Amino acid sequence: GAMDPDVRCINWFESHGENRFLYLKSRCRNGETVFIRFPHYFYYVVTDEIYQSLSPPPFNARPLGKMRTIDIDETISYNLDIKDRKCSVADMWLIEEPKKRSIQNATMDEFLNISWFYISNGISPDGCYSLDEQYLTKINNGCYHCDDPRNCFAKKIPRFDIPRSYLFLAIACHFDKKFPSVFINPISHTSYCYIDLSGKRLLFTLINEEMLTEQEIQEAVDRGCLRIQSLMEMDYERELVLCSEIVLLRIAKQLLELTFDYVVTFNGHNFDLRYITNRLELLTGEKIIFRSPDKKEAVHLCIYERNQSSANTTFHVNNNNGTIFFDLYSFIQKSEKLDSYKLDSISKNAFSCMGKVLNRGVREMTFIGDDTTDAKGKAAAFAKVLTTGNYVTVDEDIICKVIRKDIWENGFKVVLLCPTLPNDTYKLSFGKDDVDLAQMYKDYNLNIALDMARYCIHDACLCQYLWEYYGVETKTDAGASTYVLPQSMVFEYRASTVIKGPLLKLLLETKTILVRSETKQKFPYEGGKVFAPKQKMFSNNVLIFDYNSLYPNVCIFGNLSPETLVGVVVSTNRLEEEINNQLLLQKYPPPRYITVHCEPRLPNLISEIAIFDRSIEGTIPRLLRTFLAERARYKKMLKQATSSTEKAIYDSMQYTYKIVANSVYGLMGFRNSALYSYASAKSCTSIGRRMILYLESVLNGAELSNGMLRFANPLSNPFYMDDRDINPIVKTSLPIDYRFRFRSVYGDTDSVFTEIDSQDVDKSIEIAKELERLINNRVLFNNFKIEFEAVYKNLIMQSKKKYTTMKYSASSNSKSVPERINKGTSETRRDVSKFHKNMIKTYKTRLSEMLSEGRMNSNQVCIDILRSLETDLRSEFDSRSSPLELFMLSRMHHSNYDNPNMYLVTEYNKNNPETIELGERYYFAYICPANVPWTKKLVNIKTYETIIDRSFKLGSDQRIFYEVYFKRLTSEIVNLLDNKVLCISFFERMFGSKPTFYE
């Protein structure tokens, strides 16, 4: 009877009729659900003069107070005759209007109506409230109307936990050669994972009858499956249900129309749901129909798109019912930089564990994972995925089917269909059920249909596992709070729109309005600066130092904001450059003003100088100052919360403030943005560049002798004369007997790598921690800090994107287990041969020993190691002692989307007693006739690919086609090398071709 007045807001959404409304979906402590409706207004901000003049009066208005309005138009000056920035003060009004309205000179137009709703009425989109029932009037069961939200929502109350309902889903469409088209191909499967308010999971998968034999259908029934003839007969406690395609589609329709909190897919918005919807419209007449919670608006499901070049398109469902249709694909692209956005890749990363072996032999390994085996509850997470997973991937390579599983709350025992190399321990990776679908569909039978069902339910459940892993629920709520937006808009809108809420709040708080009175000219800060290490291979340890949030702190330091910019002073020749510099310094001295040299904006200017006044904190610096403070708060709250549900909330809030802070740099460069400021953006880049160069100049050739650190240049502030002791010789608390020497080896936009002449990681960590302290106390200034992240032993690196090293972190000691770090690569287990592996391992082991001698040019190493290669290469080409085993390579057999490999295995099967069946793992080598000499052309090496079965013996009139293996090997070797012109000569001489260089 009585409504629970204690509610937690969980989404907000709009109808769009001619008679339109805002709706809240909330949840009570019991679990009841309350929809509340609010009238829609369009908000306008006007000056008090405009307000007084208004044609008919506005529906309503509230004063905002006096506010300054500042012209932020950027202008260049060829001298120091720079006019003051236009700035007026007036009383402002927020006005409300039920119909749209053109008001000739209204201000603050860039900000969103919804943002004004929350701000004006004092409502947090993720808040809990004791609603004042006095201000609600019922209109359906469960749906109330609220004319006065400010009063109705007046009692905010602390957050209480709530339960939520989820539908995760996946489909499977038939195909042979082309991508599935709705006009011809039927849906074969629809799988669903339902999570109830209780926490109960319900799995069910609907199989399409019409792609099976009547005999087969009856087999399925006899085996366990429910068969059904209409929607009416569906029983959701049956995990497997056979039915017609139309029934299947009507079931989808019934489920998709329900008001789940979240309907979650992987690429469902562009494919799965689009497919269901069109295939339904085809076979029956029917539409999927969404209604507002008061039944006033009804829309047909219709996928729309949103676009954003820097770049990608995203797809969105138009439901008007409060359900969040959430596509993990789009979200994962937005929120993570990854090599692949395929679901098998994303799952591999997310779900792995360490497997201690319990049995061996037959064709069945066995593993256990638990707290003992890897890390606390990392097995627990793997175990959850195993409930529905049917293929584990051992040690990065060996794909293999599960045979049995035992699962408890903390661990899993799992027996797999693989080969054998039984060490005590191995790495287990999850992901899909890998297959050849196209073949399965070609040979379709009952056992395949059941396999596909197992496959398809797992893809649905992968969405819930990823949703857990990526913490989307709490990120949505955190986003809603921070961005002052509906939960459903958080990951739909782009970064230039989500920043506007907290910006609007700050402008209100600082009683400030920023107005651009002119077309912005075009250009953004483009440049494409990418970063090349001084050398690739490292004999010695490398110390890693990160600036802390460099661009946020740069903006704070410089007070860089479009309205704190006094002007830009440009020059076309050195006479103007010099007069202007000396006038600059008289008229705009430090520390009140900072002056920043920027890449000049026109090809004929030789200098460009931005001058910022630091006396009154600018808008952008203050926004950033807020976001860092908020982040700090939540990081503390995170460490004082102890309930894991709380940990999740504060960890999300913290993360959300990182992200939005880091959005600001790019937004200063983006012309369609409320934070655009060409000068500020450029000045931010430029101040950051200098902080990297300064740190590097000081550390490059620095030495430590006695207790003293001799920095390589004086510790002078690069922007202006400073209070600080610039003396570069500095007392350290280290051992007097230590004597070491430092080299600035690599640095990028916010990071600096320092080589120390030492391999003793224990000492290297001692020293870096001290280097950290002295850098922060003596080298740096104001809000610039570094932290020392890690030591990198055996660094081999090519860029920040492609590198390999043993990482010993700050927490680490000499003798704990490293973290093998690999980045950007593509090899191992039969991309490359044992000959290559053995050669590269020797040429590294010999090259690192050649750098510990210290006796080198770039060339005395380069010549010495290209000599050694020639000899070893000509020797193997002559002696020929290395077994064929050392040149074998592997591959999986499968059907096409690949094309010449079907021809290869076909012709082997067609010509040999044995068959390589369509899921088998076969070996191969590059073999040619023995009367071919050293060949400097190449062909399609493909013609010399030769399957090597157990019988195979190398022809007396055949040779291992050594050239292919050498050319790949010397390619890897010249990219370890630093001298480039030597390397390109060797590679034309030996192989008649030009090498690759991973740039």
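Structure data summary
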item: Given charges at Cβ of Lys, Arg, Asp, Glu: segment 78-213 dipole, positive-most of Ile103, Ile119, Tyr135; result: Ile119
item: Over segment 369-429, relative contact order from alpha-carbon pairs under 8 Å, at least 6 apart, %; result: 34
item: Segment 622-713, relative contact order in percent, only Cα pairs under 8 angstrom and at least six apart counted; result: 17
item: Ranking of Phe111, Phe331 by count of other Cβ atoms within 10 Å, fewest first; result: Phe111, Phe331
item: Of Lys427/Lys769; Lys337/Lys376; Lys342/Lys534; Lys769/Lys815; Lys647/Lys769, those spanning more than 23 Å from alpha-carbon to alpha-carbon; result: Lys427/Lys769; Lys337/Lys376; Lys342/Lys534; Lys647/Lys769
item: Positive-pole candidate from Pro718, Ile821, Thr732, dipole of segment 685-822, charges at beta carbon; result: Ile821
item: When each of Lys334/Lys635; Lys522/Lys801; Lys529/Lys682; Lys475/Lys658; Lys536/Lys800 is checked by Cα-Cα distance, pairs over 19 Å; result: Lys334/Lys635; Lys522/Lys801
item: Cα gyration tensor shape of segment 462-575, rounded if a/c is under 1.5, else prolate or oblate by comparing a/b with b/c; result: oblate
item: Packing rank of 850-860, 455-465, 782-792, where each peptide gets the mean count of other beta carbons within 10 Å, highest leading; result: 455-465, 782-792, 850-860
item: Assigned charges on the beta-carbon of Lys, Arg, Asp, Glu; the chain dipole about Cα centre (debye); result: 1840
item: Pairs of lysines in segment 834-991 (C-alpha under 17 Å apart; 8 or more residues apart or interchain); result: 8
item: Once the Cα gyration tensor of segment 834-991 is diagonalised, semi-axes √(5λ) in Å; result: 35, 17, 15
item: Bins of 10 Å from zero: percent of alpha-carbon pairs in segment 98-156; result: 19, 40, 28, 13, 1
item: Distance between modelled label sites at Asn307 and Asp451, nm, 7 Å Cα→Cβ extension; result: 4.3
item: For segment 685-822: rounded, prolate or oblate by the Cα gyration tensor [a/c cutoff 1.5]; result: oblate
item: Dipole in debye (nearest 20) - segment 797-890, about Cα centre, beta carbon charges: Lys, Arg +1; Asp, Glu -1; result: 520
item: Residue (of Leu416, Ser858, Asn151) at the positive-pole extreme of the chain, dipole from beta-carbon charges; result: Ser858
item: Fewest-first ranking of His269, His189, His16, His893, using other Cβ atoms within 10 Å as the exposure measure; result: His16, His893, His269, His189
item: Sparse-neighbourhood loop sites, trypsin sites (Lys or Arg not before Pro) in segment 1-81 - DSSP loop, at most 12 other Cβ within 10 angstrom; result: none
item: Residues in segment 807-832 reached by a label modelled at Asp339 [backbone nitrogen below 20 Å; 7 Å Cα→Cβ]; result: 807, 819-832
item: Extension reserve of the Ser882-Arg601 stretch, reckoned as 0.36 nm per residue once the Cα distance is removed; result: 95.0 nm
item: Alpha-carbon Debye profile of segment 166-335, log10 I(q)/I(0) at 0.20 Å⁻¹; result: -1.46
item: Ellipticity estimate at 222 nm from DSSP helix runs (n ≥ 4, -39,500 (n - 2.57)) divided over the chain, nearest 500; result: -10000 deg cm²/dmol
item: Chymotrypsin sites (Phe, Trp or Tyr not before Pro) within segment 191-237, DSSP loop, no more than 14 other Cβ atoms inside 10 Å; result: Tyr236
item: Computed magnitude of the charge dipole of segment 166-335 (debye, nearest 20; Cβ of K, R +1, Cβ of D, E -1); result: 660
item: Anisotropy class of the chain from Cα gyration tensor, a/c 1.5 cut; result: oblate
item: Ranked list, fewest to most other Cβ atoms within 10 Å of each Cβ, for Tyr441, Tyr118, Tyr304; result: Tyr304, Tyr441, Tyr118
item: Relative contact order [Cα under 8 Å, 6+ residues apart], segment 685-822, whole percent; result: 18
item: Translational diffusion coefficient (Stokes-Einstein; Kirkwood radius from C-alpha pairs) of segment 913-999 at 10 °C, 1.306 mPa s, in µm²/s; result: 104
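Quick note: the coordinates plus some simple rules give every number you see, no bench work behind them. Quick reminder, even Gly has a Cβ in these numbers, built from the backbone with ideal geometry, and neighbours come from all protein chains shown.
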